[PDB]
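To start, the structure under review is shown below, and the notes come after it.
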Amino acid sequence: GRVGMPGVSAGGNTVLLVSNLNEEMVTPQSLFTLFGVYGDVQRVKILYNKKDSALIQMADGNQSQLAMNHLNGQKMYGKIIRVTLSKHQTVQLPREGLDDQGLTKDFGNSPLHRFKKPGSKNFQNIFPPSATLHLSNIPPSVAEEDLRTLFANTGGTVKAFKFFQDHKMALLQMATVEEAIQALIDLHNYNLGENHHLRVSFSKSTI
């Protein structure tokens, strides 16, 4: 085992509340890979009842408070993206994963992620943002010829792409860290190929 303490850095709540959204990226995979790159993630949900808000579910023990503090005011797309630890009961999704309505997203199957606890490929339980964007996914149906249109809409003006010649993985460079985080988030699920974005993330390397 690796856990058994009588508590954790959040409390055992497995939830993370968010506000001040743009309603233009805080719904699809983009938000899910946001909290999915800033740590482990259990689920997602969105709400608009007389107020714009959303909710994520996480491992609430060493990444939800970090992601909370750093995303609570980073304006990486055009909004304060307010964030806090939640204060109410967890979600329930007794349905297949969409609560038969769609405002919920039991995407915990991580169909675009392979994150794990510290011990390999990570040693900080989260990933800090940088202008460099390392990945695994380079399908034969999207390459520079379509990645051009992708980065041409992410936020920067480079996404310098460099890829292997004996594997299916690569790396990208945005012009700045803010558009870097928002660019790999925006394209984290954009390739439409057999590798269907195994992942994109930050690295110490450069291009």
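Under this note's numbering, the first residue of the sequence shown carries the number 807, and numbering increases by one thereafter. Idealized CB from N, CA, C, for every residue including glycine.
Identified DSSP bridge partners for residue i
i: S825; result: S859, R888
i: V847; result: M864
Inter-residue Cα distance where the pair is residue i and residue j
i: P935; j: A986; result: 8 Å
i: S1011; j: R920; result: 20 Å
i: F838; j: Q971; result: 30 Å
i: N943; j: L1004; result: 6 Å
i: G884; j: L872; result: 21 Å
i: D906; j: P900; result: 9 Å
i: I932; j: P946; result: 31 Å
Identity of the residue in the options nearest residue i by Cα
i: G807; options: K885, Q880, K974, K923; result: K923
i: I991; options: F1008, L998, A981; result: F1008
i: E950; options: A976, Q930, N928, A937; result: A976
i: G908; options: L998, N828, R849; result: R849
i: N828; options: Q979, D858, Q895, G903; result: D858
i: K968; options: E1000, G962, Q988, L978; result: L978
i: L918; options: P812, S825, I1013, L998; result: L998
First and last residue of the uninterrupted alpha helix (DSSP H) at residue i
i: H876; result: 870-877
Residue i: first and last residue of the uninterrupted beta strand (DSSP E) it sits in
i: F969; result: 966-969
i: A976; result: 975-979
Within 8 Å, strictly: CB atoms of residue i and residue j
i: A860; j: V843; result: no
i: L956; j: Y996; result: yes
Any C-beta of chain D under 8 Å from that of residue i
i: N819; result: Checking the listed chains, one finds no chain D in this structure; it contains a single protein chain.
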